[PDB]
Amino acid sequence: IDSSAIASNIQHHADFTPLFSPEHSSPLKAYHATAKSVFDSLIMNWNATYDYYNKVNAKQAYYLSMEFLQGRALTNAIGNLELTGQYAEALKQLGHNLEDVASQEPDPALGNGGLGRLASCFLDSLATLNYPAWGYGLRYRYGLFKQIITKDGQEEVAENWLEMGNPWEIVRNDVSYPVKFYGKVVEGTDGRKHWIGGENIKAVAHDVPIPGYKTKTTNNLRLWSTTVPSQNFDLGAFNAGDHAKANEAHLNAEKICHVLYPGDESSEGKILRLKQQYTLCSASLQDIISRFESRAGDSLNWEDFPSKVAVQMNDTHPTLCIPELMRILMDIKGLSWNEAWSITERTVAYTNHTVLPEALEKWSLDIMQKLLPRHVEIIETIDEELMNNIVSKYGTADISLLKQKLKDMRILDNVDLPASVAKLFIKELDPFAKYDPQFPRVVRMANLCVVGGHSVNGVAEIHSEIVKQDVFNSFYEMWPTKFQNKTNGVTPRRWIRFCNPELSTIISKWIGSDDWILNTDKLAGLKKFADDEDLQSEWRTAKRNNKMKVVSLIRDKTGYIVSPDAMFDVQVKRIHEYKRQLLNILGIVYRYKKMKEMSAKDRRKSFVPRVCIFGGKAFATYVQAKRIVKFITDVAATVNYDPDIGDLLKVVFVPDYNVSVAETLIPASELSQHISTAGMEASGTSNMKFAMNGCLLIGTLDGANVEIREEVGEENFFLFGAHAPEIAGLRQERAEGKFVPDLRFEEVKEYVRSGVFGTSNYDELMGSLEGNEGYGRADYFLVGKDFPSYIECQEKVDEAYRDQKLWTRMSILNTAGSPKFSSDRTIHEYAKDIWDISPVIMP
């Protein structure tokens, strides 16, 4: 397969699967054609993988998530096929430039943050390692939002990634499943339950092939798009004039796939958010059930189901899988409860990504009882069993103990106990065993996940322990063997090899192969070359060359002009008080103030030149987070155009941060910040990406930083701030008026309140770092406390950067210490210790 033939197939797709006029000439047009030419390879390989999986009928794993941050497919598809050189030349022939063409591809708006990017990285590694595994998701039209930066801060625009269609998917019109909303349950002649009536939609399959690296294995991401058949369009309504009414039925179905994480401060938003989940679970399980059946054929035994199927619920969003699977087995296939439940408990597993026990999904029983009444019946039964198992394992004898065990583990909170358990609380019945209308009737989804899965895991050593000790303690006591750890990882193909080709050449030279891309353990061979002068020279050149593409990005996106000969200091993550963008910007503001009260000779002596880059999206409704992006932009306007500063310091907020932005930013980064309040982050995947590219980390002892620090070495990581255990106490200390801040912290607050950063003044923002008690005040995320520790830790970063021998030594040790954080070994662990699947290699 040479470049001359690819050039023909690109031309062919431009003209014979066309989207534009023939005489029209666009980089974009070249993209859709090039996309389709690569896609031909994925189809061949996808069909081969599909067909051979059916033959072998091995256990298949299924990863359900509400997010898939897929990113641009072109550069990684071509890379994994190893046609990256020849496609480039094929495009020269046609008067195009691969890099330039690739940058016309829009980012699929199928995800948002870590949850989704993990999932996507997991799909790459599953394919690359020949594991039989699909992802199931939903096909979002507008996604979360396209972020634009005005002079008012952030604004939100709905995404346009499907406007011309997605070349990377295949519609499967034969694959349509019915999904039902509302309705009621009745008991038919045959003793069996039947869910009738309500509202009915159809989920249709849109497949996105996932090609593996140096393998024919091409796995799949099956994406549901909701609709209703044209016949549900009401002509009477339309011809009468009421055009919205005529379209109402279609809107109801279609809106399930409109927006990611739709705002739920309205009963109609909660119902939609809930329909999104049930749709994903139901459609996906119906499809999985169908595959099991067609493969098993005549010799069909449902006891084989969990040895042929593994479902993985990513976070609590897919919880409904549990009762839904029970629904189909009993109501549709005619299994008994115990036979169905045994299969369910062994099929399903749960991964938790939160460290806080009050960030776990809860739903009003009333809302759920209305929308999915059959599922509540089933949940009710599950909760009754759960409680009879707690009864067996503890009490009658000690009741107040039993009382505590039952609160912790119940799925339905503030509900009348079943007559069985209720007995044990008579005096008549204790207040505890009755519904109290003063509070809502709530369904706790995390608890239902733990009850329903055979395995529960966290995403970092520290976090998986918090999960056992704080979050699900009484459950761990009951079922200790459930609980596991699976530290996250990221694919080295997207996050080193293809986003950082310059570094990748350097790596393969000195290690003596490019095999590290696949077997990333062989990066450790770099430890010994850390001090070698020549390596250091190539390594600094590369970093510098990668920074020049960011100069183009900043120039292009913001308008600001920045020099690549500064430290590229990057904080890039969702805007939140707890992630503490505010801590970083206030630290920059401190250095700015010092520069201004210092002679132009001394400014150079005291501070290394920096380009401090922020990025990320603020939840639209989050007032304070949006004020924070506003504030940062204002600092940039003031700092960047100040004659006294020049190129000594620039502050930039890159808009619309996404996979494509990260791909340019990350390889160019020298310092990255991961400074969340200690014990608030569960893992963090960007941490791992940065280190792989030789970027140094400044951060707290929190999440993935803790293990990253172990692997790369404590000497090569800038640590600061309060540790997780110290936190609760520092806050209680604050509440009783005992916290007195550093004078330098009050200095900055007053210097911000001075009005130096525009007409905004921000007395309100600084007000969130003051007082001793109250929502949104009282410095809950310890910005003032960690401040002195932090700015002093930044002085150590300056002083290390002064010795580019030391800096680059540490840079190389970070790449050399990254092997542990490859999603490849994360997948192995999942495959071996949870799903119990094996790889399937086609001959």
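Start at 1 and count along the sequence shown; that's the residue number.
(request) Would you mind checking whether any residues of the deposited sequence sit unmodelled between residue 427 and residue 428, and how many (none, 1 to 3, 4 to 9, 10 or more)? (result) Per the record, 10 or more deposited residues are absent between residue 427 and residue 428.
(request) Using the B-factors recorded in the PDB entry, average over the C-alpha atoms of 267-275 and of 501-509, then report which stretch comes out higher. (result) Comparing 267-275 with 501-509, the higher mean C-alpha B-factor belongs to 501-509.
(request) On mean C-alpha B-factor from the PDB entry, just flag whether 771-779 or 30-38 is the higher one. (result) Higher of the two, by average CA B-factor, is 771-779.
(message) Highest Cα temperature factor in the entry, among the options 308, 255, 327, 393: which one is it?
(response) 393 has the highest C-alpha B-factor of those listed.
(message) Highest recorded C-alpha temperature factor, please, choosing from 127, 446, 740, 320.
(response) In this record, 740 carries the highest C-alpha B-factor of the candidates.
(message) Quick check on the deposited entry: does the C-alpha B-factor of residue 164 sit in the lowest, middle or highest third of its chain?
(response) Bottom third by C-alpha B-factor.
(request) Consider only the C-alpha atoms of the modelled residues in this chain, order them by B-factor as the entry records it, and name the third containing residue 131: lowest, middle or highest. (result) Its C-alpha B-factor, which the entry lists for residue 131, ranks in the lowest third among residues of this chain.
(request) Compare the C-alpha B factor of residue 679 with those of the other modelled residues in its chain, then answer lowest, middle or highest third. (result) For residue 679, whose C-alpha B-factor we compare with every modelled residue in the chain, the answer is the middle third.
(request) Compare the C-alpha B factor of residue 71 with those of the other modelled residues in its chain, then answer lowest, middle or highest third. (result) According to the entry, residue 71 has a C-alpha B-factor in the chain's lowest third.
(request) Taking the values exactly as deposited, rank residue 47 by C-alpha B-factor within its chain and report the matching third: lowest, middle or highest. (result) According to the entry, residue 47 has a C-alpha B-factor in the chain's lowest third.
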